[PDB]
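See below for the structure under consideration.
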Ligand SMILES: [Ca+2]
Ligand SMILES: [Ca+2]
Ligand SMILES: [Ca+2]
């Protein structure tokens, strides 16, 4: 649910398959500079702590 | 910006007694709670971008002297919009605000 | 040895990228804060910049740093390299792109270094907080206290199984190498630079040259110029344009990895 | 006289005692902050150290 | 048209000539978009 | 007690890797990795 | 875009006063008021 | 330049809108209805919450 | 806790570019048209708007 506990789920600590839905949305760069902005909800594991 | 002989933006002048001294700006510091980064100076006025706090103090080194003056004025941070941020972001929404001008005119 | 860690960091160069609030008007700075990590248990943080610390043109020396002003990679002795958040932090170590410091809580992260009379400051807006260990919310680590397991960033540079990738730099645009010879613009190509160009003076006149190539057009404002330096690599920032073709997946260790310690 | 306030202070010397957090790792330093006193009414404090001024 | 044998015309509207090597480069050079098509796979 | 081939053993059964010796650091409690018999300073 | 007798036009409808010309500040994106030829420096 | 909040999570129901909001700064949410009476609400959201 | 990494953007700035769908957790693509960036040492490319 992107904000509570399963924003990032991994079967093992060294596993290669990752589940991740963090509502990552890209944003338009402004005023003629090269940078990549984005907006996303914070980590629910940090919120669960 | 004046050195008692013309116009030069790297110079300042003051009085120590009845003699109007003139030096070069070596360490002109403005701090509130953290050191601010000043923008411009013209005559009696200094423009600076300061963090919030309860005191405003400026100073300049003449020789080995200090020359500090600390006034007690409460300065806050005023965000624009419907979110209360504490430092202006890298990216977001351009919104109209009201700020002091960079230019001297 | 020092060069065992510094082996793959000799193969990379600093870069100039976008920094908000560098002075007062978000210029491009030689030192640019990207990805400051602040989730340790004593207020210690690890800051990654664009400059290179502890690396000369020849050998390695822990008091010398390297940065760029244009296209010339300039080395300078570290004299006043300061990191501050709301009070001046006390830095711990530096290796390559990365600085380590122990900071009080605040909302900004500021770095800077003097070379002559220059300042070279950068200020990013990252909320860094002090996280105590245990069931008491203290505000500074005490003289005497019960030992508890805290996770911190380590003091020593080593491989430790954490990697970042470097990449071949893309085209860097320089306008100071385009000058008019008599009435026609001329390209100055220094030391195998492979300078690209793109003219639209009556039409397209694109091409790649290696020396001279006096362009037969009039104005310097109607022709762009680039620069292809592939000798040294850079970390693929989000603030740099990518290369044209395939770019190799390099490797570079992170020096101050998170470990588990006692607080 | 200025010398009257230093008659018993000439017989004393500085010393090196430990203090936490010089840099990062709790040094032994000539400056060692002992007994900070802050019970005044305008934020003026008195700091006793190991050095001699 | 009627260019040299080392160059190929583009567009066939204004009779403008380009070298052959500028094929599928990703840049819209001519007025017509025939120069970015029929490139190699 | 013997460690692996990629570990340098200072004293008291604690060993550090070969990449960690002669590098101006205290990775052992006895400072054998920066002694005069190994680095030769 | 013809401006008045007390305004200086940089390029493409951008007018600033005459006191803003050659004063070590770029008030125009054309930067014509602080150019090499207009300032004479 | 002002900040932009993270996008809320919309969950629908029978005549009910459920919003899960995870702000990073104290952020204002004001609603109204487009009928004869607007019935306005106004609150500042500091913590991750949920409103119906 | 996650860590979102951003690759370097491509600036093909006379024309247009498209992406495939790489297999990555919460992968994002976008194309922004008519940016005209400004690096150090002048603007990046000639093609306006
Ligand atoms: Ca072509
Ligand atoms: Ca060692
Ligand atoms: Ca001006």
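Rundown of residues vs (1) within 16 Å of ligand 1 (Cβ to nearest atom); (2) over 25 Å from residue D:25 (Cα atoms); (3) more than 10 Å from chain C (Cβ to nearest Cβ); (4) exposed (fewer than 15 other Cβ atoms within 10 Å of the Cβ), yes/no style:
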{"residue": "F:1", "(1), (2), (3), (4)": "no, yes, yes, yes"}
{"residue": "F:4", "(1), (2), (3), (4)": "no, yes, yes, yes"}
{"residue": "F:10", "(1), (2), (3), (4)": "no, no, yes, no"}
{"residue": "F:22", "(1), (2), (3), (4)": "no, no, no, no"}
{"residue": "F:25", "(1), (2), (3), (4)": "no, no, no, no"}
{"residue": "F:29", "(1), (2), (3), (4)": "no, no, yes, yes"}
{"residue": "F:33", "(1), (2), (3), (4)": "no, no, yes, no"}
{"residue": "F:37", "(1), (2), (3), (4)": "no, yes, yes, yes"}
{"residue": "F:40", "(1), (2), (3), (4)": "no, yes, yes, yes"}
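Within region B:33-69, how many residues turn out to be free of Cβ contacts under 8 Å to residues at least 12 places away in the same chain and within 14 Å of chain C (Cβ to nearest Cβ)?
Number satisfying all stated conditions: 2.
Report yes if residue A:8 is touching a helix residue (DSSP H, G or I) at 6+ places or on another chain (Cβ under 9 Å) and either without any contact (Cβ under 8 Å) to a residue 24 or more places away in the chain or at the interface with chain I (Cβ under 7 Å from one of its Cβ atoms) (or both), otherwise no.
Values: touching a helix residue (DSSP H, G or I) at 6+ places or on another chain (Cβ under 9 Å): yes; either without any contact (Cβ under 8 Å) to a residue 24 or more places away in the chain or at the interface with chain I (Cβ under 7 Å from one of its Cβ atoms) (or both): yes.
In short, yes.
Which condition breaks for residue I:25 when tested against (1) free of Cβ contacts under 8 Å to residues at least 12 places away in the same chain; (2) touching a strand residue (DSSP E or B) at 6+ places or on another chain (Cβ under 8 Å); (3) within 13 Å of chain C (Cβ to nearest Cβ)?
Residue I:25 satisfies every listed condition except (3).
Just the residues that are over 14 Å from residue C:91 (Cα atoms) and either assigned to a loop (DSSP other than H, G, I, E, B) or out of contact with any strand residue (DSSP E or B) (no Cβ under 9 Å at 6 or more places or on another chain) (or both), please, taken from region C:39-61.
Answer for region C:39-61, where residues must be over 14 Å from residue C:91 (Cα atoms) and either assigned to a loop (DSSP other than H, G, I, E, B) or out of contact with any strand residue (DSSP E or B) (no Cβ under 9 Å at 6 or more places or on another chain) (or both): C:39, C:40, C:41, C:54, C:55, C:56, C:57, C:58, C:59, C:60, C:61.
Being within 14 Å of chain I (Cβ to nearest Cβ) and either more than 16 Å from ligand 2 (Cβ to nearest atom) or in contact (Cβ under 8 Å) with a residue 40 or more places away in the chain (or both), is that true of even one residue in region E:6-22?
yes
Could you check residue E:11 against (1) under 8 Å from the mean Cα position of the chain (by Cα); (2) within 10 Å of ligand 1 (Cβ to nearest atom); (3) under 25 Å from residue I:49 (Cα atoms) and say which number it fails?
Against the list (1) under 8 Å from the mean Cα position of the chain (by Cα); (2) within 10 Å of ligand 1 (Cβ to nearest atom); (3) under 25 Å from residue I:49 (Cα atoms), residue E:11 comes up short only on (2).
Give the number of residues within region C:9-31 that are more than 9 Å from every other protein chain (Cβ to nearest Cβ) and either surrounded by fewer than 22 Cβ atoms within 10 Å (Cβ to Cβ) or part of a loop (DSSP other than H, G, I, E, B) (or both).
Within region C:9-31, residues that are more than 9 Å from every other protein chain (Cβ to nearest Cβ) and either surrounded by fewer than 22 Cβ atoms within 10 Å (Cβ to Cβ) or part of a loop (DSSP other than H, G, I, E, B) (or both) number 11.
Which count do you get for residues in region C:205-230 that are touching a residue at least 12 places away in the same chain (Cβ under 8 Å) and in a loop (DSSP other than H, G, I, E, B)?
17
Looking at C:124, C:195, C:133, C:128 in this structure, which one is surrounded by 16 or more Cβ atoms within 10 Å (Cβ to Cβ), more than 12 Å from every other protein chain (Cβ to nearest Cβ) and either within 28 Å of the chain's Cα centre (by Cα) or within 26 Å of residue C:54 (Cα to Cα) (or both)?
Going through C:124, C:195, C:133, C:128 in turn, just one is surrounded by 16 or more Cβ atoms within 10 Å (Cβ to Cβ), more than 12 Å from every other protein chain (Cβ to nearest Cβ) and either within 28 Å of the chain's Cα centre (by Cα) or within 26 Å of residue C:54 (Cα to Cα) (or both): C:195.
So for region B:73-86 (the condition being more than 20 Å from residue C:88 (Cβ to Cβ), within 11 Å of chain C (Cβ to nearest Cβ), free of Cβ contacts under 8 Å to residues at least 12 places away in the same chain and not in a strand (DSSP E or B)), does at least one residue qualify?
Yes: one or more hits.
Every residue, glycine as well, gets a Cβ built from its backbone with ideal geometry; the counts of neighbours run over all protein chains shown. FYI, it's all coordinate maths here, none of it is from the lab.
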